[PDB]
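**Student:** Numbering (PDB author numbering), first residue to last: 5 to 22, 32 to 54, 86 to 128, 135 to 173, 200 to 282, 301 to 621.
Using N, Cα and C, we set each Cβ at its ideal position, and we do this for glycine too.
Let me give you the structure first, and then I'll get to my questions.
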């Protein structure tokens with residue numbers, strides 16, 4: 005009856021190859046094979093003939109993971125074949147994968163560990205490919221336990237084997253490789269890490303088809319920003335003005351040999367033998383910048399060349415996260431001008447101010463309880479108006495001859511102070527300012543205390559020229575400082591940052607004394 009059996013197989017196969034499209038006469042094949050079971054009659089040969097449908101049977105009873113009967117039959121057959135060549139790995143993987151959602155992850159590990167062990171012990201689609209699925213499923217397990225080093229080894233090794241075959245897809249290459257980047261960023265191995273991102277550019281070059307560029311452009315940002323900010327080792331303000339006192343040593347013989355060993359591992363990724371080499375050629379042409387002392391145009395061009403797709407992502411964001419990239423570009427452009435160590439230009443400050451107006455209108459659009467968005471914007475208000483403070487210091491020191499009208503700039507400073515007091519008065523009204531939002535005590539002390547310290551410095555910045563105003567501001571500063579004394583020394587939370595506490599202790603003595611001085615002026619006036 006073997007011809008009949010084979011015909012029944014091949015007849016059943018196609019319908020399997022498809032309200033659920035199946036389980037439908039998939040029991041008729043069951044009935045026929047089980048009819049074959051009884052008068053099956086060596087014995088091992090007969091048994092081998094069996095487990096095929098049984099495999100499929102367990103496969104059939106998925107029932108969208110709400111079942112169990114398939115589980116039972118599968119484990120039965122697995123015990124059979126255990127006592128009884136690639137079938138074991140073909141099954142054990144899927145048996146485990148359900149328990150993965152059952153979250154017995156540690157136990158599930160042992161299965162895949164055994165599978166790879168069997169691979170290693172042993173030494200056409202299965203022969204050239206099932207290795208793949210185990211490796212892929214392996215990495216996402218590690219994420220929770222955070223051996224990212226170990227996971228990276230697999231992911232990187234997996235991509236190489238993936239290159240043997242013609243299977244390639246843009247998401248599976250890009251969205252994986254790009255995310256792999258940040259790992260080395262933390263390890264600060266830029267010289268090694270460039271290659272991944274840089275090579276990630278041609279595969280995608282050969301819906302999502304548009305929005306995938308977003309992560310691509312984002313990863314560029316983190317590359318630049320760390321490289322600039324690491325240079326902040328030596329600040330002209332707190333470190334000697336002479337720079338590069340120690341030998342620059344841009345090119346070192348000892349360093350290159352060590353690099354080559356790492357480079358050799360990187361070299362292994364290239365395959366295609368020449369087109370990938372040309373890809374890496376263009377790679378290096380833009381790797382053209384490593385470690386600079388003339389950096390200015392190079393880094394600005396970094397931004398600009400990626401500013402293109404920065405804008406593109408802004409297009410591909412619906413008004414919600416556009417602010418995020420806008421303010422990131424804001425900060426970075428500011429940092430370019432800053433670390434570009436020269437005085438006379440305020441242009442990027444002014445342009446940031448315009449962009450800041452631009453991001454302020456959404457407050458009118460959205461008066462939602464966007465607390466920390468408001469906190470953030472007030473923070474860069476502090477920062478920009480500190481830029482005002484410092485440029486004021488610079489101009490005032492630059493006052494060689496008689497001062498022209500910079501009192502307009504001083505009033506700009508005053509309205510900056512007004513904007514600030516509006517912001518921390520928003521914070522007030524949140525706390526004690528209004529009928530809708532009053533509070534018992536300043537129970538929340540830490541973050542508003544650091545904000546209040548900033549405004550303390552601002553009150554110290556009340557130093558202006560006006561005569562009837564000076565007197566009332568003497569009183570205002572004294573009273574504000576006394577408020578602050580109450581806020582901290584007498585709240586008795588004692589969880590307040592003691593470093594600050596002592597800073598405002600210095601400030602409180604520094605306030606006691608010239609309040610006495612102002613008394614002296616007033617009473618010399620009383621004389």
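1) With a threshold of 16 other CB atoms inside 10 Å of the CB of residue 580, please say whether the residue is buried or exposed.
2) Whole angstroms are fine: how far does the CA of residue 359 sit from the CA of residue 202?
3) Residue 521: which of 464, 455 and 398 sits nearest, CA to CA?
4) State the CB to CB distance for the pair residue 430 and residue 405, rounded to an integer number of angstroms; the pair is presumed to be in contact (CB under 8 Å).
5) Quick one, which of 553, 271 and 564 has its alpha-carbon nearest residue 578's?
6) Using DSSP with H/G/I as helix, E/B as strand and the rest coil, what is residue 143?
7) Below 7 Å CB to CB, which residues in the same chain sit around residue 507 once its five sequence neighbours on both sides are set aside?
8) My output table needs one value for residue 471: the three-state DSSP class, helix, strand or coil.
9) Over what stretch of residues does the alpha helix (DSSP H) that includes residue 39 continue unbroken?
10) Once you ignore the five residues that flank residue 396 on each side, which residues in its own chain have a CB closer than 6 Å to its CB?
11) In chain order, what residues of the same chain have a beta carbon less than 6 Å from the beta carbon of residue 281, not counting five sequence neighbours either side?
12) Got a sec, what are the start and stop residues for the alpha helix (DSSP H) residue 577 sits in?
13) Where does residue 446 land, buried or exposed, given buried means 16+ other C-beta within 10 angstroms?
14) Is there contact between the segment 150-159 and the segment 209-222, where contact requires at least three CB pairs shorter than 8 Å?
15) Do three or more CB pairs link the segment 362-380 to the segment 335-346 at distances below 8 Å?
16) For chain E, check one thing: does any of its Cβ atoms lie closer than 9 Å to the Cβ of residue 604?
17) Rounded to whole angstroms, what's the CA-CA distance from residue 618 to residue 474? Just pull it up for me.
18) Could you check if residue 535 is buried or exposed, using at least 16 other CB atoms within 10 Å of its CB as the buried criterion?
19) Which residue's Cα is closest to the Cα of residue 418: 439, 22 and 449?
20) Considering only the beta carbon of each residue, do residue 452 and residue 412 sit closer than 9 Å?
21) Using a Cβ-Cβ cutoff of less than 7 Å, which residues in the same chain neighbour residue 36 once the five nearest sequence positions on both sides are dropped?
22) Have a look at 216, 100, 124 and 265 and flag the residue whose alpha-carbon is nearest the alpha-carbon of residue 147.
23) Can you give me the C-alpha to C-alpha distance between residue 389 and residue 339, rounded to a whole angstrom?
24) Under 8 Å: do the segment 235-248 and the segment 257-275 share three or more Cβ pairs, one atom per stretch?
25) Can you tell me the Cα-Cα spacing of residue 241 and residue 206, whole angstroms?
26) At which residues does the alpha helix (DSSP H) containing residue 604 begin and terminate?
27) For the pair the segment 580-590 and the segment 524-540, tell me if three or more CB-CB distances fall below 8 Å.
28) If we ignore side chains and look at the alpha-carbon of each, how far apart do residue 210 and residue 162 end up?
29) How would you write the range of the alpha helix (DSSP H) that residue 203 sits in, first residue to last?
**Tutor:** According to the structure shown:
1) exposed
2) The alpha-carbon of residue 202 is positioned some 28 Å away from that of residue 359.
3) 464
4) Wrong, their Cβ atoms sit about 18 Å apart, outside the cutoff.
5) 553
6) helix
7) Non-local C-beta neighbours of residue 507 in its own chain, meaning closer than 7 Å and more than five positions away in sequence, comprise 482 and 486, ordered along the chain.
8) helix
9) 39-50
10) 318
11) For residue 281, where only same-chain residues beyond five positions count, there are no Cβ hits under 6 Å.
12) 561-583
13) Buried.
14) yes
15) no
16) The structure shown contains no chain E; it holds only a single protein chain.
17) 43 Å
18) So residue 535 ends up on the exposed side.
19) 449
20) no
21) 104
22) 216
23) Whole-angstrom Cα-Cα distance: 18 Å.
24) no
25) So the two alpha carbons sit approximately 13 Å from each other.
26) 592-620
27) yes
28) Whole-angstrom Cα-Cα distance: 7 Å.
29) It spans 201-205 - the alpha helix (DSSP H) in which residue 203 sits, taken as one unbroken run.
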